[PDB]
Amino acid sequence: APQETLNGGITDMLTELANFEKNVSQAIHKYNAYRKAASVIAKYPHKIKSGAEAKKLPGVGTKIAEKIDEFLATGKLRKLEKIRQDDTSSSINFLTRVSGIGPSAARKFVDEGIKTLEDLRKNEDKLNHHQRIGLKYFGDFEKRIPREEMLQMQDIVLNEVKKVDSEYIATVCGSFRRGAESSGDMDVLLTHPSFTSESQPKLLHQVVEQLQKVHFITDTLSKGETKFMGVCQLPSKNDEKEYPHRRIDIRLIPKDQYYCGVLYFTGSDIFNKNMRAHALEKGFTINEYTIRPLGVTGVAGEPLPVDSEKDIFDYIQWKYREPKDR
DNA sequence: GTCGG
DNA sequence: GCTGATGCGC
DNA sequence: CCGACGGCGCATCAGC
Ligand SMILES: Nc1ccn([C@@H]2CS[C@H](COP(=O)(O)OP(=O)(O)OP(=O)(O)O)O2)c(=O)n1
Ligand SMILES: [Ca+2]
Ligand code: NA
Ligand code: NA
Ligand code: NA
Ligand code: NA
């Protein structure tokens with residue numbers, strides 16, 4: 001990708017604007033608008049000289065163009081400069097860095113005078129369980145996970161899963177599966193022969209239990225029959241520095257919808273929107289669970305059989321790409 | 001905010 | 001007690 | 001002008 005010093009000040013402007021829309025203004029769509037604008041501009045292989053130059057790019061409209069002009073002329077953006085010094089909105093934007101605190105909780109806390117982590121720390125009674133864990137691991141959750149540690153984590157997951165029941169299948173997806181050199185967290189996909197569309201008990205629970213029993217999983221954000229979100233930690237040696245606590249999700253999926261899942265939660269997700277927009281073009285409908293053919297109304301028929309990842313490149317006649325190229 | 005019926 | 005809406009992460 | 005913009009599981013709130 002192009003270097004930061006081409007339009008980095010712009011791309012950071014747009015991203016900061018993105019966050020205020022999301023966290024303070026509660027305008028999710030303007031947030032994606034700004035993020036879209038920031039993406040296309042980060043992938044632009046040229047140093048932008050005017051707002052009109054930017055506006056040819058798809059996702060950049062009149063208002064972002066004129067923002068780019070003011071920033072190119074002056075180095076800053078008046079509106080952003082203002083929002084940054086604003087105690088209320090500043091804090092609201094900040095508190096959402098806590099996992100479990102979204103725009104609404106954040107606003108509600110700042111209302112009551114709870115503005116900082118110290119204030120949250122002082123008021124444990126007003127946070128839910130997810131929120132206490134997000135606060136407890138605030139720094140660890142912003143740290144990235146080098147591949148070396150994700151491979152040690154992968155080892156522990158595969159070993160313990162196979163130990164519970166040899167017939168479980170577990171693939172680790174996300175950035176890690178696309179060969180990424182670091183990762184934000186660990187997404188694991190799980191199936192079992194005795195779990196399909198028509199359907200045996202506790203398949204997700206026994207796995208989560210074994211990973212607690214050997215102290216890999218240290219806390220639970222949420223858990224149901226289908227999905228687990230929690231916290232985990234690699235053990236360190238005697239006298240060795242403690243490893244940060246890390247986020248791990250585990251999704252239990254039916255056998256037959258498993259490879260559509262693999263694909264979806266592999267991402268990248270900007271390849272995915274690309275892939276189904278092009279699967280609709282060639283007359284197929286894809287989502288996270290299945291591929292189905294449209295009868296051009298378009299009337300999706302039954303979901304088609306899928307036993308590998310590659311099948312969903314056969315149906316679309318798209319030339320296969322493995323995860324690294326995504 | 002931006003795109004497109 | 002229950003169902004449905006909303007917040008959240010993603 | 002003006003609606004679409006990702007959709008889904010789980011925790012927890014609102015309401016009956
Ligand atoms: N709008 C979207 C959003 C996500 N997706 C899917 C589901 S999750 C997968 C991307 O996974 P993550 O959000 O964990 O991100 P990454 O896999 O890149 O790793 P980290 O960022 O390191 O954590 O893409 C999609 O098809 N469309
Ligand atoms: Ca991930
Ligand atoms: Na944000
Ligand atoms: Na444009
Ligand atoms: Na948050
Ligand atoms: Na994710």
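Worth knowing before you read on, the calculation uses all heavy atoms, side chains too, and leaves out hydrogens, waters and symmetry mates. Within every chain, numbering begins at 1; the chains are lettered A, B, ... in the order of the sequence lines, protein sequences first and strands thereafter.
For the pair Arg177(A) (side chain) and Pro323(A) (backbone), a donor-acceptor distance under 3.5 Å is absent. Listed for the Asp187(A) side chain is no donor-acceptor partner under 3.5 Å among the backbone atoms of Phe265(A). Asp119(A) places no side-chain N or O within donor-acceptor distance of the main-chain N or O of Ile114(A), the cut-off being under 3.5 Å. A side-chain donor-acceptor contact under 3.5 Å links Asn128(A) to the backbone of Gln131(A). Of the possible donor and acceptor atoms, one in the side chain of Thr15(A) sits under 3.5 Å from a partner among the backbone N and O of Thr11(A). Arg246(A) places no side-chain N or O within 3.5 Å of a backbone atom of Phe141(A) that could act as its donor or acceptor partner. The closest donor-acceptor contact from the side chain of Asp140(A) to the backbone of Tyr137(A) lies at 3.5 Å or more, if one exists at all.
Within residues 44-69 of chain A, the residues that place at least one heavy atom under 4.0 Å from DNA chain B are, in residue-number order, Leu57(A), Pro58(A), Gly59(A), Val60(A), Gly61(A), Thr62(A), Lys63(A), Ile64(A). Residues from residues 179-197 of chain A lying near DNA chain B, meaning a heavy-atom separation below 4.0 Å, are absent. For DNA chain C, no neighbouring residue in residues 70-81 of chain A is found when judged by any heavy atom under 4.0 Å. Of the residues in residues 103-124 of chain A, those with a non-hydrogen atom less than 4.0 angstrom from any atom of DNA chain C are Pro103(A), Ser104(A), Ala105(A).
At a threshold of 4.0 angstrom between heavy atoms, the contacts of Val98(A) are confined to the sugar-phosphate backbone, with no base atom among them. Using a 4.0 Å heavy-atom criterion, one finds that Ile101(A) contacts the sugar-phosphate atoms exclusively. Residue contacts for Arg247(A): at a heavy-atom cut-off of 4.0 Å it reaches the sugar-phosphate backbone alone, with no base atom in range.
A donor atom on one side chain and an acceptor atom on the other are found under 3.5 Å apart for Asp256(A) and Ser197(A). In summary, the side chains of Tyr168(A) and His192(A) do not present any donor paired with an acceptor at a separation below 3.5 Å, with no hydrogens or angles considered. No hydrogens or angles considered: a donor-acceptor pair under 3.5 Å links the side chains of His130(A) and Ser99(A). Checking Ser25(A) against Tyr31(A) by side-chain atom types alone, no donor-acceptor pair falls below 3.5 Å. Judged by distance alone, the side chains of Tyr34(A) and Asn19(A) never bring a donor and an acceptor atom under 3.5 Å apart. There is a side-chain donor-acceptor pair under 3.5 Å between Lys223(A) and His205(A).
The base of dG6(D) sits with one of its N or O atoms less than 3.5 Å from a complementary donor or acceptor on the side chain of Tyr264(A).
Figure legend: cation-pi geometry between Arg147(A) and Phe176(A), with NZ or CZ positioned under 6.0 Å from the six-membered ring centre and within 45° of its axis.
In this entry the distance linking CD1 of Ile28(A) with P of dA4(D) reads 17 Å, nearest Å. Here the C1' atom of nucleotide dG1(B) and the NZ atom of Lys36(A) are 10 Å apart, to the nearest Å. The separation between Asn32(A) atom CG and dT2(B) atom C1' is 12 Å, rounded to whole Å. Nucleotide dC13(D) holds its P atom 12 Å from the CG atom of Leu127(A), rounded to whole Å. Rounded to whole angstrom, the span from the CD atom of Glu288(A) across to the P atom of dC8(D) amounts to 7 Å. Straight-line distance from the CG atom of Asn274(A) to the P atom of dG6(D): 15 Å, rounded to whole Å. Rounding to whole angstrom units, NZ of residue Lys30(A) and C1' of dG1(B) are separated by 7 Å.
For the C1' atom pair drawn from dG1(B) and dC8(D), the interatomic distance equals 26 Å after rounding to whole Å. As rounded to the nearest Å, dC10(C) and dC5(D) have P atoms that lie 24 Å from one another.
Residues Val306(A) and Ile312(A) are in side-chain contact: their nearest non-hydrogen atoms beyond the backbone lie under 4.5 Å apart. Taking 4.5 Å as the limit, some side-chain heavy atom of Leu127(A) sits within range of a side-chain heavy atom of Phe109(A). With a 4.5 Å cut-off on side-chain heavy atoms, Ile41(A) and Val60(A) count as touching. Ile291(A) is not listed as a side-chain neighbour of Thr285(A), based on a closest heavy-atom distance of 4.5 Å or more.
A 4.0 Å heavy-atom criterion places the boundary nucleotides of DNA chain C facing chain A at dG7(C) to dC10(C), written 5' to 3'.
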Short N/O separations, protein against nucleotides 9-11 of chain D, under 3.5 angstrom:
unit_1: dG9(D); atom_1: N3; unit_2: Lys227(A); atom_2: NZ; d: 3.2
unit_1: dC10(D); atom_1: OP1; unit_2: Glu225(A); atom_2: N; d: 3.1
unit_1: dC10(D); atom_1: OP1; unit_2: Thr226(A); atom_2: N; d: 3.0
unit_1: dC10(D); atom_1: OP1; unit_2: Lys227(A); atom_2: N; d: 3.2
unit_1: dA11(D); atom_1: OP1; unit_2: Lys223(A); atom_2: N; d: 3.1
unit_1: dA11(D); atom_1: OP1; unit_2: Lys223(A); atom_2: O; d: 3.1

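For the pair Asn287(A) and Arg292(A), the tightest heavy-atom approach, listed with the atom from each and the gap, is ND2-NH2, 4.4 Å.
Here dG1(B) has a south sugar; its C1'-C2'-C3'-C4' angle has a minus sign.
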